[PDB]
Amino acid sequence: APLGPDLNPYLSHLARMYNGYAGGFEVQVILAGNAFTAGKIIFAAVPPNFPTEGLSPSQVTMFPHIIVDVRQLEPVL
Amino acid sequence: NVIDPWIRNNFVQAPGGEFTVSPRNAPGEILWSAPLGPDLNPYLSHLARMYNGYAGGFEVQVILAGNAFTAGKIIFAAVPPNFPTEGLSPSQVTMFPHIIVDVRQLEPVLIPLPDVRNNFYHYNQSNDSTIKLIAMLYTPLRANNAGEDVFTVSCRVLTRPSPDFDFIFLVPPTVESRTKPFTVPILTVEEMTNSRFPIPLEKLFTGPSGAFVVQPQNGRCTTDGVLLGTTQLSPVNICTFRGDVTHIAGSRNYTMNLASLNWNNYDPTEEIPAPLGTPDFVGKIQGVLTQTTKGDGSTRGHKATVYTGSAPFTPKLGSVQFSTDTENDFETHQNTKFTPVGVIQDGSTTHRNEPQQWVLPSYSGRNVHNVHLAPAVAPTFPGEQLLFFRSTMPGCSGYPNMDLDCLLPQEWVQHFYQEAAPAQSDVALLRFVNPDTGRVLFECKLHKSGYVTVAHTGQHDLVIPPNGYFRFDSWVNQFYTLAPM
Amino acid sequence: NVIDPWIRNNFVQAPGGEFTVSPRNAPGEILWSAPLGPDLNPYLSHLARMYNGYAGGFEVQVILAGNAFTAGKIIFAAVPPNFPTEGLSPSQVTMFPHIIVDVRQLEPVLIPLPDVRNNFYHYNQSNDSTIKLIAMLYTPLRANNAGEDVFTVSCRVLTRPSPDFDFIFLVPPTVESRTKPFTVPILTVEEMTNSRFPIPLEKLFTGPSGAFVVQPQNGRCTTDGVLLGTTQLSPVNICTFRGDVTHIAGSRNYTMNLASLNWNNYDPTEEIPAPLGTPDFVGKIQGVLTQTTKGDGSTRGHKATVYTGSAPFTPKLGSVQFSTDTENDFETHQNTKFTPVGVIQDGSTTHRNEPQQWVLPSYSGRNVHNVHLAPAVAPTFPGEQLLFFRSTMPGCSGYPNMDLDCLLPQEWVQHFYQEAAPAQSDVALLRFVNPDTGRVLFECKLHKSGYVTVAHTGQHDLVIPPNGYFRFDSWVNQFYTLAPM
Amino acid sequence: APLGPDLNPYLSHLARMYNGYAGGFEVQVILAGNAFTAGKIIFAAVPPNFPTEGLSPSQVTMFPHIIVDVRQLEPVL
């Protein structure tokens, strides 16, 4: 998905009031966790020009990234 | 650290970096330039695509055909690509980074090429390219030899990568699938055959769509190979008959319950106006009816006279009458086969009338209209004229409408069925090139619908060389107008 | 030394594998075939397109995904480089170094291969064929459950080179293209037409080469398009004649002042056996002679009986006799044309005799034989049988020798004329493929002169699916034989 | 040709810009071609209304002028 302030619909309907914005924003993810399941997941950071179609599960690790498994009972950012 | 050191330590020439220098050229003028980039070493080209991100400069150098008898200086420099130099000076380039040398030198010399980089990396394709090349002369090099070519000094520019160079990113790129290049058949029309009658064509014709109500069913196909109309593939199946006759003793006729090419009986429930390859125009044609008894080979053969406009001729129903020159020769329900040779002008009356090439026959008799008819044609871009294929038909009696204009060559139909090439844009551009001239004599406008036209006025049987092939060139839009012939 | 670390460190996919296994199976079954090499990895196929020298090995690596409770096993193995693997035994697979693998292992599996090397190099711009790939089903993997064919078990290949593997030599890339890739028409026998008579083909035939003198002159061309024999381009131009008949006023005969396809007056001095479209056999045939007066078109047409075994049949000299049914109708010095329809049997009292399809007629007469002979055919790697094209010609009188065998398909000749392809080795490999199943009924052995044989014995009209087409594969040497039928 | 500030495109622009005009120039000529010809060229002054089509070179010798051969490498003024 395109990272931007177009994610929170409240931020959408309060974006139009102001023409200039700055600063980042942090997001997180939750999972349907299960102690019987074993499988890891990987999220990362990528500039938008960089075309990824079928490259690897490996070569994204040079970027900023984070790895977690499918069993987790907390949100992770 | 991802390069074999041969590439790192061996200068390579340019793909085109060669330029003549004569004393006859004026000083302070340009000689040669090139976009500076990693698109210079062809090895760097074919190892650029593997990596999406690169950085760092690279140094190049130049060699000269040196000579101790010649005196003339040269100047190379550094220039941002926006900076337009057409005729400025031999002087004002000196504010930049530059280097000067004379034409007598027995070593390669390298231009300085300053690092404007701030450790930033482009993408691999980045064409907004900096530090573009330079070829400037300084003194016009009298050369003191007084020949016809007074030391015409040649030279090459010579490139390699820098030490600090890399290929950061990674990708599996590809050019995986090439579309078919829309290859056109390279016969001539005299070599090519009529698609609405089993004859070879004789010439092509140019004429307007308003003259004749142009809507045939034989010779109708797409550009990717979808079968349309009654157009089939085997050109001998055009206007011929196969089936099982039924007969009456009194007249010269046999109503023939039709069959396919392999004599499987015709079924009237296909999405068709008529069987494939039927004559799609009203006429009276005399060929030869030929019957073999299907047991061991009791044959017979006589000429016949068929009537494509009449009512017992019902191809969509599956019965056809042939008024032969005999009456009861052809036996019952055998392999009876009509094959046309020539059109006749029966029962006197008016000359040059039959066949009525632009009207549709009695497919289902007089009752049921022809369903799933291929569309008619007209120049949607106005002023143009359709490209007919003109021949004369044979005959046994009279002066019939022998002037036959078909739409397509049959070999092109099966060839484009073999092509299976989807069109990229609407209208293709084909050029009739004569290789005896090595050039075009006339071009044409070909749509992806499956008909071709040209923007020239009047009735023209185009004079053609018998050796001229056809050369497809390019893809025009819907509104190209052709130049006159 | 020459290569990147990362591409050697970890495994990377292969595009040919990735394939799935449904639980409905029959064991001892081959699933997927592939040739091993550096063209497996797209990375390595690029890098080997770049270079020349090629030495080391790989590690083939396989991951499975699907069900677990199946209890069914898979085999990956080595193979001889030319080895039929269709319905064979799994014990043969047990002779080679192989690995049995069940779906219960989570770790991705690796099959080791024979380990050799030839340290000078391996070509890498050739066939250079080596151990191909074996995807072999051990245990039919039933997946006992309530579902039907559920959890389709996928099988991927994801490799990386062996740590000894490396390159040595580098070339300019020259990535562009091959020659003509020897494309074939995809027609059937009903769509293809006879190259010795204007009729559609009926069936292909195989039979012994010692039966007849197998040397025609219509249907002769090269694999790159030089005109051989009396073979021409158009299928309707065969066996028909054009010119200016002269009144044999006492009989039905007509000696014709010879004209070409374009009615150009015939030159008897050309380096040819006979004019184009001229027959290459002895037989009696009734077709129809047709004449149109050049002034206005006073048309006439009557059935003519021709004899290429006759004395006034002299096509190389410039005269040919036509015994019509009428005697004085056809005017002299007019555009007179004979067209045949089918061979007859007036005969010498012998049934099924004409055309004597293998003998040669009187081109320059009986006195001096034909010149510039396209030679006969022969199975050079013997024990194999030729390829005939069995057809049936019609008739008008008697019981003719209807079994007509021609040499090439006429569409394929002009197809090669468009190709103009230079050969790569001795014998090409074409496969008759039934696309209803995507499987081959029989293969072929096409020789670079322009003929083709098959490795079988006996008189067989080859049964074919009428949806079946032909698909070119590769270049085989002149010492490999095919499987019989 | 007529001499003036419209000779140099630089100066023709700059004199289109301005009004007042005073001083002179230095006309400077370079040759390029053969050397073994032994043939000479004259550049001269002229009356401002003077027919010059088929006239005498002695008239050209009356005005301040310069004879120049092709053998000089230095550009002539």
# chains A, B, ... in the order shown; residues from 1 in each chain; ligands from 1
call {"tool": "calpha_fit_rmsd", "arguments": {"fixed": "chain B", "moving": "chain C"}}
result
8.4 Å
call {"tool": "calpha_fit_and_write", "arguments": {"fixed": "chain D", "moving": "chain A", "output": "CSV table (one decimal) with C-alpha atoms, in the first residue's frame"}}
result
chain,number,residue,atom,x,y,z
A,1,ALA,CA,29.4,43.8,-47.0
A,2,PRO,CA,28.2,47.0,-45.2
A,3,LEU,CA,30.7,47.9,-42.6
A,4,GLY,CA,28.9,48.6,-39.3
A,5,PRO,CA,28.3,47.4,-35.8
A,6,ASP,CA,25.7,45.1,-37.3
A,7,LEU,CA,28.3,42.4,-37.6
A,8,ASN,CA,28.7,40.8,-34.3
A,9,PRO,CA,25.3,39.3,-33.3
A,10,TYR,CA,26.2,40.0,-29.7
A,11,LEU,CA,26.9,43.6,-30.8
A,12,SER,CA,23.5,43.5,-32.4
A,13,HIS,CA,21.6,42.4,-29.4
A,14,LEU,CA,23.6,44.8,-27.2
A,15,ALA,CA,23.3,47.7,-29.6
A,16,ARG,CA,19.6,48.3,-28.9
A,17,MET,CA,20.1,49.0,-25.2
A,18,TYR,CA,22.1,52.2,-26.0
A,19,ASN,CA,21.1,54.9,-28.5
A,20,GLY,CA,24.5,56.3,-29.1
A,21,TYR,CA,27.8,54.7,-30.1
A,22,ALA,CA,31.2,55.8,-31.2
A,23,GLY,CA,34.7,54.6,-32.2
A,24,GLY,CA,35.8,52.2,-34.9
A,25,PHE,CA,36.4,48.4,-34.7
A,26,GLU,CA,39.0,46.2,-36.3
A,27,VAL,CA,38.3,43.0,-38.2
A,28,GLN,CA,40.5,40.2,-39.6
A,29,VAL,CA,40.4,37.3,-42.0
A,30,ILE,CA,41.7,33.8,-42.1
A,31,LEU,CA,42.5,31.6,-45.2
A,32,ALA,CA,42.7,27.9,-46.0
A,33,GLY,CA,46.5,28.2,-46.4
A,34,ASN,CA,48.6,25.8,-48.5
A,35,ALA,CA,52.3,25.7,-49.4
A,36,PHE,CA,51.6,24.3,-52.8
A,37,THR,CA,49.5,27.3,-53.9
A,38,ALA,CA,50.7,30.7,-55.1
A,39,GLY,CA,48.1,33.4,-55.4
A,40,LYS,CA,47.8,36.9,-53.9
A,41,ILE,CA,44.8,38.7,-52.4
A,42,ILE,CA,44.0,42.4,-51.8
A,43,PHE,CA,41.7,44.1,-49.4
A,44,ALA,CA,41.3,47.9,-49.3
A,45,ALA,CA,39.2,50.8,-48.0
A,46,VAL,CA,36.4,52.5,-50.0
A,47,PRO,CA,33.7,55.1,-49.3
A,48,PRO,CA,30.2,53.7,-49.9
A,49,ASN,CA,29.2,56.1,-52.7
A,50,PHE,CA,32.1,54.9,-54.8
A,51,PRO,CA,30.5,52.4,-57.3
A,52,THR,CA,32.8,49.5,-58.1
A,53,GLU,CA,31.5,47.0,-60.6
A,54,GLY,CA,34.4,45.9,-62.9
A,55,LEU,CA,37.2,48.5,-62.5
A,56,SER,CA,40.6,46.9,-61.9
A,57,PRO,CA,42.9,45.0,-59.6
A,58,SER,CA,45.1,48.0,-59.7
A,59,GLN,CA,43.3,51.3,-59.2
A,60,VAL,CA,42.2,50.4,-55.6
A,61,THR,CA,45.8,50.9,-54.5
A,62,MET,CA,45.4,54.7,-53.9
A,63,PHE,CA,43.2,54.0,-50.9
A,64,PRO,CA,44.4,52.4,-47.6
A,65,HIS,CA,44.8,48.7,-48.4
A,66,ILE,CA,46.6,45.5,-47.6
A,67,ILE,CA,47.9,42.7,-49.8
A,68,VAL,CA,48.7,39.1,-48.8
A,69,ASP,CA,49.0,35.7,-50.5
A,70,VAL,CA,46.9,32.6,-50.1
A,71,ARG,CA,49.6,30.8,-48.1
A,72,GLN,CA,49.4,32.2,-44.6
A,73,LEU,CA,49.0,30.5,-41.2
A,74,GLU,CA,48.0,33.6,-39.2
A,75,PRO,CA,45.0,35.8,-39.2
A,76,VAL,CA,45.5,39.2,-40.9
A,77,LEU,CA,43.7,42.4,-40.1
call {"tool": "residues_around", "arguments": {"residues": "residue B:204", "least_positions_apart": "5", "cutoff": "10 Å", "atoms": "only C-alpha atoms", "output": "PyMOL selection string"}}
result
chain B and resi 188-190+387-391+405-407+460-464
call {"tool": "residues_around", "arguments": {"residues": "stretch 165-178 of chain C", "least_positions_apart": "3", "cutoff": "12 Å", "atoms": "only C-alpha atoms", "output": "number ranges by chain"}}
result
B: 4, 6-7, 12, 41-47, 175, 178; C: 1-5, 7-8, 37-38, 44-59, 115-126, 160-162, 181-182, 421-424
call {"tool": "atom_distance", "arguments": {"atom1": "atom CA of residue C:109", "atom2": "atom CA of residue C:61"}}
result
5.7 Å
call {"tool": "residues_around", "arguments": {"residues": "residue B:455", "least_positions_apart": "4", "cutoff": "7 Å", "atoms": "only C-alpha atoms", "output": "PyMOL selection string"}}
result
chain B and resi 383-385+481-484
call {"tool": "interface_residues", "arguments": {"of": "chain C", "to": "chain B", "cutoff": "9 Å", "atoms": "only C-alpha atoms", "output": "PyMOL selection string"}}
result
chain C and resi 1-5+42-43+46-47+50+172-173+185-187+190-193+198-200+202+233-237+261-262+286-288+290-292+296-303+337+339+341-342+344+394-400+402+411+415+418
call {"tool": "write_last_selection", "arguments": {"atoms": "C-alpha atoms", "output": "mmCIF file, in the first residue's frame"}}
result
data_model
loop_
_atom_site.group_PDB
_atom_site.id
_atom_site.type_symbol
_atom_site.label_atom_id
_atom_site.label_comp_id
_atom_site.auth_asym_id
_atom_site.auth_seq_id
_atom_site.Cartn_x
_atom_site.Cartn_y
_atom_site.Cartn_z
ATOM 1 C CA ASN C 1 36.774 -15.500 -8.381
ATOM 2 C CA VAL C 2 34.745 -14.100 -11.248
ATOM 3 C CA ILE C 3 31.333 -14.075 -9.638
ATOM 4 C CA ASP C 4 29.242 -12.259 -7.030
ATOM 5 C CA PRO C 5 29.143 -13.627 -3.452
ATOM 6 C CA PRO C 42 17.788 -16.797 -15.095
ATOM 7 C CA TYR C 43 20.683 -15.113 -13.302
ATOM 8 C CA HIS C 46 22.188 -14.213 -18.406
ATOM 9 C CA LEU C 47 25.688 -14.591 -17.023
ATOM 10 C CA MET C 50 27.677 -13.110 -21.260
ATOM 11 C CA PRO C 172 31.150 -9.743 -26.566
ATOM 12 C CA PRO C 173 27.510 -10.403 -25.590
ATOM 13 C CA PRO C 185 2.750 -24.830 -40.464
ATOM 14 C CA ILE C 186 0.180 -26.239 -38.053
ATOM 15 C CA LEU C 187 -2.189 -27.530 -40.711
ATOM 16 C CA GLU C 190 -7.384 -31.905 -45.287
ATOM 17 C CA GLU C 191 -6.037 -28.345 -45.136
ATOM 18 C CA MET C 192 -2.805 -29.149 -46.956
ATOM 19 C CA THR C 193 -2.899 -29.709 -50.705
ATOM 20 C CA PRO C 198 -4.197 -29.267 -57.556
ATOM 21 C CA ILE C 199 -6.160 -31.358 -55.031
ATOM 22 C CA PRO C 200 -6.342 -31.308 -51.240
ATOM 23 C CA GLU C 202 -6.056 -36.982 -47.966
ATOM 24 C CA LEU C 233 4.599 -21.664 -56.140
ATOM 25 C CA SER C 234 0.866 -21.914 -56.842
ATOM 26 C CA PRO C 235 -0.967 -25.219 -56.222
ATOM 27 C CA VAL C 236 -3.535 -24.514 -58.944
ATOM 28 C CA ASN C 237 -0.778 -23.999 -61.533
ATOM 29 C CA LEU C 261 1.211 -18.719 -66.196
ATOM 30 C CA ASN C 262 1.118 -15.013 -67.119
ATOM 31 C CA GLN C 286 -9.682 -35.549 -69.096
ATOM 32 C CA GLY C 287 -10.087 -32.018 -67.811
ATOM 33 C CA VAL C 288 -11.477 -29.086 -69.806
ATOM 34 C CA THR C 290 -10.979 -23.306 -72.396
ATOM 35 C CA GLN C 291 -10.404 -20.484 -74.859
ATOM 36 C CA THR C 292 -11.217 -16.770 -74.799
ATOM 37 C CA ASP C 296 -13.654 -9.144 -77.181
ATOM 38 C CA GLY C 297 -13.916 -12.465 -75.364
ATOM 39 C CA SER C 298 -15.706 -14.970 -77.607
ATOM 40 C CA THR C 299 -15.584 -17.718 -75.005
ATOM 41 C CA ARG C 300 -15.538 -21.490 -75.506
ATOM 42 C CA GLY C 301 -14.857 -24.522 -73.343
ATOM 43 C CA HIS C 302 -14.741 -28.283 -73.941
ATOM 44 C CA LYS C 303 -13.304 -31.343 -72.203
ATOM 45 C CA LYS C 337 -6.090 -22.873 -71.480
ATOM 46 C CA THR C 339 -7.322 -27.227 -66.795
ATOM 47 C CA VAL C 341 -9.824 -32.209 -62.950
ATOM 48 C CA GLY C 342 -8.899 -35.888 -62.586
ATOM 49 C CA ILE C 344 -9.080 -41.009 -66.502
ATOM 50 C CA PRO C 394 -11.054 -38.038 -59.634
ATOM 51 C CA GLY C 395 -11.934 -39.298 -63.078
ATOM 52 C CA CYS C 396 -14.107 -38.932 -66.162
ATOM 53 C CA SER C 397 -13.637 -42.293 -67.931
ATOM 54 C CA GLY C 398 -12.736 -45.691 -66.516
ATOM 55 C CA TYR C 399 -10.883 -46.842 -63.410
ATOM 56 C CA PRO C 400 -7.733 -44.721 -63.012
ATOM 57 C CA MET C 402 -6.182 -43.213 -58.046
ATOM 58 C CA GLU C 411 1.950 -24.773 -48.214
ATOM 59 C CA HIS C 415 6.408 -21.589 -46.052
ATOM 60 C CA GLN C 418 9.268 -17.340 -46.673
#
call {"tool": "atom_distance", "arguments": {"atom1": "atom CA of residue B:239", "atom2": "atom CA of residue B:469"}}
result
28.4 Å
call {"tool": "interface_residues", "arguments": {"of": "chain B", "to": "chain D", "cutoff": "9 Å", "atoms": "only C-alpha atoms", "output": "VMD selection string"}}
result
chain B and resid 23 to 26 140 142 146
call {"tool": "write_last_selection", "arguments": {"atoms": "C-alpha atoms", "output": "compact mmCIF listing (two decimals), in the first residue's frame"}}
result
# COMPACT_ATOMS: atom_id res chain seq x y z
CA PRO B 23 42.61 20.66 -41.57
CA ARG B 24 39.72 21.78 -43.81
CA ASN B 25 37.45 22.21 -40.78
CA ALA B 26 37.20 25.62 -39.18
CA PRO B 140 43.42 24.18 -37.67
CA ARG B 142 48.25 22.96 -41.31
CA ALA B 146 50.56 19.01 -48.69
call {"tool": "select_by_dssp", "arguments": {"residues": "chain D", "states": "helix (DSSP H, G or I)", "output": "list in words"}}
result
residues 9, 10, 11, 12, 13, 14, 15, 16, 17, 57, 58, 59, 60, 61 and 62 of chain D
call {"tool": "write_last_selection", "arguments": {"atoms": "C-alpha atoms", "output": "short mmCIF file (atom, residue, chain, number, x, y, z; two decimals), in the first residue's frame"}}
result
data_model
loop_
_atom_site.label_atom_id
_atom_site.label_comp_id
_atom_site.auth_asym_id
_atom_site.auth_seq_id
_atom_site.Cartn_x
_atom_site.Cartn_y
_atom_site.Cartn_z
CA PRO D 9 25.74 39.57 -33.66
CA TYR D 10 26.80 40.41 -30.11
CA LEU D 11 27.33 44.01 -31.12
CA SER D 12 24.23 44.13 -33.32
CA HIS D 13 22.16 43.16 -30.29
CA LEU D 14 23.97 45.59 -28.04
CA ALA D 15 23.61 48.44 -30.52
CA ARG D 16 19.95 47.61 -30.97
CA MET D 17 19.85 48.12 -27.22
CA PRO D 57 42.63 47.17 -58.93
CA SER D 58 44.71 50.35 -59.07
CA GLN D 59 41.76 52.17 -57.48
CA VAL D 60 42.01 49.57 -54.72
CA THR D 61 45.70 50.47 -54.45
CA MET D 62 44.80 54.13 -53.86
#
call {"tool": "atom_distance", "arguments": {"atom1": "atom CA of residue B:194", "atom2": "atom CA of residue B:221"}}
result
14.7 Å
call {"tool": "select_by_dssp", "arguments": {"residues": "chain D", "states": "strand (DSSP E)", "output": "compact mmCIF listing (two decimals) with C-alpha atoms, in the first residue's frame"}}
result
# COMPACT_ATOMS: atom_id res chain seq x y z
CA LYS D 40 47.24 37.02 -53.30
CA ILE D 41 44.17 38.75 -51.87
CA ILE D 42 43.36 42.41 -51.19
CA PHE D 43 41.17 43.89 -48.46
CA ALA D 44 40.59 47.62 -48.71
CA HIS D 65 44.71 48.24 -48.23
CA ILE D 66 46.71 45.06 -47.56
CA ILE D 67 48.05 42.43 -49.95
CA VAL D 68 47.97 38.93 -48.43
CA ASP D 69 49.26 35.58 -49.72
call {"tool": "closest_residue", "arguments": {"among": "B:80, B:450, B:87, B:207", "to": "residue B:220", "atoms": "only C-alpha atoms"}}
result
B:450
